[PDB]
């Protein structure tokens, strides 16, 4: 499974976490990140007055926007900090949609649950220098 450790591609937690994020970003299914998120997920992006709280609220939010994936993206210098059952992934992202780049900051926090799946418990998306 893409979000579970194994003896091959998912042996190293940082490489697994980075691959998982890239796979969700490339998915045509707008539910991809929802399916990866846990029931207690907390989510921020630039369009929300305050953070979204809980998986059902996140699901409703993702359903409402119908966001296409980028035509292509570049994940720049992803860092994964691992602490017991938590992996903090941080990166910058150059996302291309219809011939324009949108540059993002991202923090994801993944938790290894008792069934050995890594699930997103926190997401924070922001623009790079939106006002300069």
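Positions refer to the first chain, counted from 1.
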Checklist outcome for this item: Looking only at C-alpha temperature factors in the entry, 90 to 98 or 77 to 85, the higher average sits in 90 to 98
Next on the checklist: Please compare 60 to 68 with 101 to 109 and say which has the higher mean C-alpha temperature factor in the record.
Outcome noted: 60 to 68
Checklist entry - With respect to C-alpha B-factor, does residue 15 fall in the lowest, middle or highest third of the chain as deposited? => result middle
Next on the checklist: Splitting the chain's C-alpha B-factors into thirds, which one does residue 31 fall into?
Outcome noted: highest
